[PDB]
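In: build me a model:
(chains A, B, C, D, E, F, G, H, I, J, K, L, M, N, O, P, Q, R, S, T, U, V, W and X)
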Amino acid sequence: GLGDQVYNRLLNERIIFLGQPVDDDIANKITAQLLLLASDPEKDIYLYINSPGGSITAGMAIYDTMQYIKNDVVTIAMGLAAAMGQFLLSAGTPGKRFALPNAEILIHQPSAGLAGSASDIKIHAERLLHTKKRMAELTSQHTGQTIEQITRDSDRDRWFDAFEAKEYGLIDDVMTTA
Amino acid sequence: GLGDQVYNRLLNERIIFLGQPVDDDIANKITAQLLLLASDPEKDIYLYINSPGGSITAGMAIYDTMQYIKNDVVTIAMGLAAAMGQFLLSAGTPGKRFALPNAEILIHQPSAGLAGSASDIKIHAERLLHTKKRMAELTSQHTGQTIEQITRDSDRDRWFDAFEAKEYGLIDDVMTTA
Amino acid sequence: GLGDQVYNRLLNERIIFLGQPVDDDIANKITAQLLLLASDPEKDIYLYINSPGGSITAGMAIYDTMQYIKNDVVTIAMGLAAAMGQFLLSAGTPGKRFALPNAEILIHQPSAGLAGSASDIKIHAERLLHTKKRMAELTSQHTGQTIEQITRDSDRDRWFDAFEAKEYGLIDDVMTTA
Amino acid sequence: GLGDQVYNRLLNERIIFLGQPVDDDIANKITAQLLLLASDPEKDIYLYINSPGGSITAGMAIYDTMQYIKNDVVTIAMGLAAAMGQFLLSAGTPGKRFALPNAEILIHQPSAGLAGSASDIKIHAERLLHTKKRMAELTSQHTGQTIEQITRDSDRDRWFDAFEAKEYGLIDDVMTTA
Amino acid sequence: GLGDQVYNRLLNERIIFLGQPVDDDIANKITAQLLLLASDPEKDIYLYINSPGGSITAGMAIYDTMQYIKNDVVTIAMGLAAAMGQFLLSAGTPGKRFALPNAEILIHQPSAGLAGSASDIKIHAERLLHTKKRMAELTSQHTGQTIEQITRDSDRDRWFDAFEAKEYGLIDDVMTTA
Amino acid sequence: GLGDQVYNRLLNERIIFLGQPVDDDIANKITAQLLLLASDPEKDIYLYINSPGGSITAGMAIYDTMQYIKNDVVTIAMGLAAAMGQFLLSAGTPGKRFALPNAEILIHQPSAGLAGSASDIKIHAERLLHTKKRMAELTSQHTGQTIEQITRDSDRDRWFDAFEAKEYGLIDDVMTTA
Amino acid sequence: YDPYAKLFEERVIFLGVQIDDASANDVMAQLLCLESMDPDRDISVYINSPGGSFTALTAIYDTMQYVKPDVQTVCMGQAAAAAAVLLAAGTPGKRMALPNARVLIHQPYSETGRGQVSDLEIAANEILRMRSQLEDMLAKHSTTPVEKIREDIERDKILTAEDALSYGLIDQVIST
Amino acid sequence: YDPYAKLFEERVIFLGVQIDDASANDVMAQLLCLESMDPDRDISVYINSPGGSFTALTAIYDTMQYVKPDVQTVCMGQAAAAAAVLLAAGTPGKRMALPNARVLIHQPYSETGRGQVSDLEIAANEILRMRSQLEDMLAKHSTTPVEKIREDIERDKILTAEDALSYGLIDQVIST
Amino acid sequence: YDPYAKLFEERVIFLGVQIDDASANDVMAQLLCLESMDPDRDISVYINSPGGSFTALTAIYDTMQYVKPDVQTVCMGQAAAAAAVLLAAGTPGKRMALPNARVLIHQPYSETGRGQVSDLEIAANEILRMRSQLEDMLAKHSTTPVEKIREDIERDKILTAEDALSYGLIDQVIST
Amino acid sequence: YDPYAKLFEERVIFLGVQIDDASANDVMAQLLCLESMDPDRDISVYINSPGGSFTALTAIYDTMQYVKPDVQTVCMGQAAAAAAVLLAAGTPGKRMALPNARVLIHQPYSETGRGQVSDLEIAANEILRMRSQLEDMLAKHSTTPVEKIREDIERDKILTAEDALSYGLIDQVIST
Amino acid sequence: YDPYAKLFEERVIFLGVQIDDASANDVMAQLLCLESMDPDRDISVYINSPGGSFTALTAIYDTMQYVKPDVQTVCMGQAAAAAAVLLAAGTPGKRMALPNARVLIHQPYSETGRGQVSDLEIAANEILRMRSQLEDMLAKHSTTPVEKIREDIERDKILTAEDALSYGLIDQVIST
Amino acid sequence: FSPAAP
Amino acid sequence: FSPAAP
Amino acid sequence: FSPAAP
Amino acid sequence: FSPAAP
Amino acid sequence: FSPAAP
Amino acid sequence: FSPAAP
Amino acid sequence: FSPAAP
Amino acid sequence: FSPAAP
Amino acid sequence: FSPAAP
Amino acid sequence: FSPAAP
Amino acid sequence: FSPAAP
Amino acid sequence: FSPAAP
Amino acid sequence: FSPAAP
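Out: Numbering: from 1, shown residues only, chains lettered A, B, ... in the order given. Coordinates below:
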């Protein structure tokens, strides 16, 4: 009773919560909410990220529906923003990405597992490599860093404090206080 | 229906319960409720803690939300307040932290499990060390004790009753009767 | 459906049921109900105990919120009142504790389990001993028995009928008919 | 489902079912319903029993609730009435106990499991023996048989149809038709 | 939502479904429905059987409440009617038992399991044999066949189509069309 | 629920679905719905079949209640119609059975498992053989094919396209577009 | 173990486990080994078993029938199902039992695997033929007629030493 | 293991496990092998067991009663129902027990599998007859009347060395 | 293994596992074998065990008492429950322990299974009598009186080498 | 296996498993067996173990101390707490480690059972006394004072060959 | 089995399983036994294993380093992690591989359990030191400098026979 | 099922 | 169940 | 599905 | 439970 | 909890 | 979070 | 079992 | 166990 | 353990 | 493997 | 391990 | 998604 | 099985 009520009353203020690992169901719900709030094209949409990551395809669906509409999307990071979470975080409208002072941002290149015959393993291997290159190019475009710099930095997992994230280019500014 | 009814009618009085281990879901609920009650910038918000602990990132999200809003947060501890619970309890507005006469507080050190190759283990090791230092500095700032005193006291688990927690600095005052 | 409206209409008469082992959830619920009924400071609050006991901290939270408020609390025991149950039963307002003729009261000494290194086991050992002493002193204060008498009678589990409990001091009086 | 509203409409006619093994939850429900129907002190309360029995303490709580109020309780046995079921059946108001022509009544002796050291096992043994003695004495008082007759008849499980249960004293009269 | 709605709207037409194995809770539910419909003492009650059978005691409770009331009970067999199902089918008011043309009726003999010491096994053996004889006499009375004829016929499981069951006395008449 | 809403509205129009293996519960629901819609003796019923089949007895209950009423029933096969599914599909009134262009029909032989002593195995063997003969005769009567032709074609599983089913006599006509 | 091997040279064979493929193979191998020795010496089979499989049953019975040396059987503690007909299958005049023996006879039990009804019909017909073969085989080994077995075997029946002697399953009861 | 066989050449038999088919077969094979030598030498058996199946129990009892050599039986530590009746089944006047030995007697416990009521009736009558034969044999081997055994067997009964000696289950308690 | 067999010749018996039926059976089998080999030379028992059952405890104790030659016993590392009483059960004046030994005496523990209250009463009386016998027989082998055992056994008690020597469990502690 | 015994005849003992009851029992059985021969020959113990129980290591240590022949220890691969204390328990001047060996010292860890708080208090006092005794004994076999190793034992400490030599746990590190 | 010992008399040792405590102990015992003979004969180690523990790795490595006789190694099938470094640890000029052999080098993988931050820090520092020591010691046995070694070891690297020969892990590839 | 039920 | 309950 | 169902 | 609760 | 919360 | 979101 | 088997 | 068994 | 056992 | 090992 | 152990 | 869906 | 196998 509490959760549904508070989520409804917050959504009434054009606020979307992403507080769980990204999968198909939550991605579909967020896409539906974004489309619904897209009815009014002159009001910004605010998205709060607290998630340890999720599937690639669902995150890319959310990313595409985020940049499809004219409505500006303002992302706020609280707690943890890792893997696909930080990718959605940095995908917001330029100049409108913020994080809390103690929020942590984890840059995490994709991981997956494959099985089958040699040809199937091959095909899935080039598909995974193409997906990784796609992610690297998108991150380089969004953050303003050079593509090879992002590729070098994304070889291992990297942790970022709010100020380091601001310096790197993932986040435009840091919420100090109300 | 009893629990939802009583929780709703208590929330109408600006009272928030934290009566379970801190995870992503309860942290999101607490953040949403804090933001909702932040609509009035003059009425303080009262938060009651009976928890055995929880995760780090969720607790820091709640702490950042508490620090962001202009409304004073009055914290009351009953039963048990341990790990993240005591951190949130001591994170309240100065002069407005209280515990019941038989309340019990546990100062605890962060713990986690690690796996992977040597480089990943290394990276997560410095991340855990940085988190521990962050916690130590924050609690030293809040309580008034020095950094070295907190580090020595937080090496092992420590227990506090109401009065010795008041003496230490975790609690501003202890209540006796209505 | 049925099984909830009866509880609603009984709570409308200032009656609280404790029919399950004491844990965090039921403790929080009962604390909320006690605070809710504390709005009117002149009408008594009646608590019915039938439980085999539970966690120490939850029972202590309930105990503290019982003696926090001005309202006199009247405890009635039916069926079984053991471990934390009998403690809450005897924690009622003096002169207002009752049991049914066939009710059984079990005085039980706290028990728990520990794990870890030598130092952690040590620290938890003194904490458990402190809890033991705290419980013994509170029981002696409430029942009018001496510290030595209570601590010697509580070495093993003890059983009490209604009249034995009345003679001992756990119960003020035993009711027979309406 | 049909069950909720059919049970509510039957309860509107002062009808209570006991159609499952007796435990804490159903005992609490039945005690609450008995107390609620006790508001009117001039109407009888009817209890239909079809159960294989349950815990001793819950049954004794229900029995005490039955004996406490001035409202006469009419117990009707349908199907099976065993262990605590037949005890509650015979616990009704004298001259107001009935059973269906093909109902089976099983006189059963309490059973339990014990664990622990050689000293705790002792105490639980005398407690179990005392419970046995009280059950035998109450049955002898209610049915009109002597103490030793009930004791010898309850050594093993015993079965009764409607007529021989009526002859024994467990049942006042047997239902024939509407 | 479909099942509850259709069952409700059928119950307003005095139609009771028995479409699952017979046990305690369904027996209590059907007894409650029969008592509820017994308020009108002229309209008959129609009961549809499709079940593979169940417990003896629940079936006997349903049987006793079926022949307790003045209201005539018209049983219709659809699909499968076996074990206690066919007993309830043949327990209807004489001249008012029907089956669908492709319905199968199985006469089955009781089965159970026993455990314990020699004396307990003995006692349960005579009780089970008494239940056998009770069932045999009841079905011989209902169908019109002699007792030993039923006993010899019920030694093994026996199957019946509509017409041979009709001529055997189990069913008064077979439905053909609307 | 959206699905409950759409089923409710479609049933309100004239339509009945069948989208899972046939068991007791779904057969009872379909029988209840057919009886409910049988109140109007003029409007016809429509049944959409998409199921891999189920128990024989439930399917025969559905078949009997289809054959009972005056209301013509029009069966439409979509997706898969196998085992009892195709039997129900062919059970529709002559000239009013249809399938989609890519609908797929499977004629299947009854299967079951048996256990017990030699006599019980025997009895269940003749029962299964009688059921198989019953099904073969009913299929031959409905489709217009000769009895030995049907029992020869049902020896093994057989697959049918829409046009093959139309030619074989299982389906009166196949629809192409609205 | 050593006692089994030591008793082996005395032409004594134990059947102390459930009847199955391995035990039957061992028993028939031992029977062949003993018959390969002096064919004028009897072979004693001590039976203490609750029954078991069926193909093992028939294999051991046929092996006993084929071997020219006379084979005597001694009941021991319990003989049920397969063990009962092994005990009754000894050469006439050489069937023995202990005073407190416990003999059980019951019709065969089976579980036909699930499948389409043709397979079940085949399996049921085979089970019925097997049951008919066993009733005939037990009838020819006992004084009782076929019909008497028809009443007797339909359920489980239990016979003691004297009951088995009167029935005809055994020939004599051991006393001292 | 080596001490077991080494004690075995001294006509000493251990019964240290639960009674079942394998142990009964092994122990009675040992009995037969031991009596195969001169029957003028006693066979000593030491009992330490919580009991077991009744059929194997009866098999061991019968094979003890059959052989000519007298049998010493010595309780050692603890002897439950089957162990108790084996201990009481020794040759009269020559059954002993240890000073701290525990003897326990109780009526048989059984588990009739679920099934047809006729099958349950047959199994129940068999259990009743088996139990009745059990106390008949026990009263035969003891000095107490059968009715006394009936009264004393309905629940569990536990006797010490002196109690067993007085009751008649034991003829002598060895001290040192 | 080879070392156990080699040490067996010098009348040294290990008890390094939990006390149960099989280990106890082996123990008194070896004790009887050593009795047979020479009745005039002592038997040494090295105890390192956490405890075990009680019936096996009493069986080993009675075997030790019955053996005419004295039984040396030394504790090694840790002895509790059955191990403690068995170590205390050695011949007077000839019981030893290592300097870093660890002796534990604790009240007996059991598990009374689910049953009718009469059965639980019988089991409770039996365990109480077992407790009384154990305490009396322990106080017999020590200078401390019975009621002293009452205070000292109600909970667990832990004694070192010197503590055991002073209390009476151990006659002398081995130095080097 | 053959290499183990073959190395055994040259008075070489492996400890390559976790420390528990069976391994410790075998260890001091072999120690006593080697003691059986001339006491002028040293005993070499090769230690590669992640440690284990405390009572077992204490028993092995006591046996090592009781043996008059000097015992030398060689660490190689790894040595955890039990292995570390056993390795440091060798005679002075005869403790060696391989150049790339790893040594680990940490305070004892235990899982005290759930129970009455009095039982937990007794167990906690016992484990504290055990830790104090272990650290005192470790200070005995090293040049470092007791307070230094009490500080160093609170957490896990890992030392290499040179670090162990400097600390005092190893007399000398062998090279070739 | 027979061929293993038969090859064993010819100073040939197989390493065909995962590296752990037991296999390492067997290998080191065999190495010691072989060197106990005339130290002028080479020892051949045939390696086909996917790796294993690191402590056992080091134990075998420095056991090979300690003995005077030259140790030659031959790879078969594959050699990963522990196997690769053991193969590279042979006597210079005496490392061989088969034409289709596979060599895999990768940095150590660890599973550090849950604990406080201090315990995690200690374990992580130990893991880093272990990996640094391993890479330094591997660079010692190879012509490539340490810089190239920890450039290459960061991910998995797989080399064939010719690749291993060019890298410096193998002195010569077996042809025919 | 009318007629005649209902 | 009337009469007489209810 | 109209026409003709519905 | 009146009197006197409630 | 008033006073003073609430 | 206003200002400025909302 | 002799006599007479064997 | 001699005397007297054996 | 000699002396003195054995 | 001779030549040359062994 | 000689020299010098053994 | 308008234009043009919706 | 001789005769005649073997």
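In: alpha carbons only for contacts and neighbour counts from here, please
Out: OK.
In: now the helices for the chain?
Out: This is for chain A. Remark: helices assigned in chain A by DSSP state H are A:2-11, A:24-37, A:56-68, A:84-90, A:118-143, A:147-153, A:162-168.
In: oops, I was thinking of chain G
Out: According to DSSP H, the helices that chain G contains are G:2-8, G:21-36, G:55-66, G:82-88, G:117-140, G:146-153, G:161-167.
In: which one of those is the most hemmed in?
Out: For the helices of chain G, average neighbour numbers computed from mean count of other Cα atoms under 10 Å in any protein chain shown are highest in helix G:82-88, which has a mean of 25.
In: anything in it near chain R?
Out: No - judged by Cα under 8 Å from any Cα of the partner chain, helix G:82-88 stays clear of chain R, getting no closer than 14.1 Å.
In: what helices or strands is that helix leaning on?
Out: Secondary-structure packing of helix G:82-88 (3 or more Cα pairs under 8 Å, 6 or more residues apart in numbering or on different chains; DSSP states H and E): strand G:43-49, helix G:55-66, strand G:71-80, strand G:103-105.
In: who are the packing partners of the last one?
Out: Which is strand G:103-105. On a contact count with 3+ Cα pairs under 8 Å, 6+ apart, strand G:103-105 meets strand G:71-80, helix G:82-88, strand G:157-159.
In: which residue does chain A bring closest to chain G?
Out: As assessed by Cα to the nearest Cα, chain G sits closest to residue A:116 within chain A, at 33.3 Å.
In: please report how far that residue lies from residue B:158.
Out: Per Cα to Cα, to the nearest Å, residue A:116 is found 54 Å from residue B:158.
In: for residue G:54, same thing?
Out: Distance, residue G:54 to residue B:158, using Cα to Cα: 71 Å.
In: centroid-nearest residue for chain G?
Out: By Cα atoms, centre = their mean, the mean C-alpha position of chain G lies nearest to residue G:86, the distance being 1.5 Å.
In: so it touches residue G:59, yeah?
Out: No - Residue G:86 is beyond contact range of residue G:59, at 10.9 Å (criterion: Cα atoms under 8 Å).
In: list the contacts of the residue nearest to the centre of chain G.
Out: Counting by Cα atoms under 8 Å, 6 or more residues apart in numbering or on different chains, residue G:86 touches G:57, G:61, G:73.
In: again, but for residue G:60
Out: Taking Cα under 8 Å, 6+ apart, we find residue G:60 in contact with G:24, G:27, G:28.
In: which one of the residues you listed is nearest to residue C:32?
Out: Taking Cα to Cα as the measure, residue C:32 lies nearest residue G:24 of the contacts of residue G:60, at 73.8 Å.
In: make a markdown table from the helices and strands packed on helix G:82-88 and add distance to residue J:42 to it.
Out: Shown next, in a markdown table, are the helices and strands packed on helix G:82-88 (distance: least, Cα to Cα, whole Å):
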| stretch | distance to residue J:42 |
| --- | --- |
| strand G:43-49 | 60 |
| helix G:55-66 | 64 |
| strand G:71-80 | 62 |
| strand G:103-105 | 69 |
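In: any idea which of those gets closest to residue B:44?
Out: Closest to residue B:44 of those is strand G:43-49 (Cα to Cα; 83.2 Å).
In: and that closest one, which strands flank it?
Out: Strand G:43-49 pairs in its sheet with strand G:12-15 (parallel), strand G:71-80 (parallel), by DSSP bridges.
In: buried ones in the first one, by neighbour count?
Out: Judged by neighbour count (16 or more other Cα atoms under 10 Å in any protein chain shown), strand G:12-15 contains these buried residues: G:12, G:13, G:14, G:15.
In: correct me, but the second one touches residue G:46?
Out: Yes - the pair residue G:13 / residue G:46 is scored as a contact, 6.2 Å apart, by Cα under 8 Å.
In: no further queries at this time; thank you.
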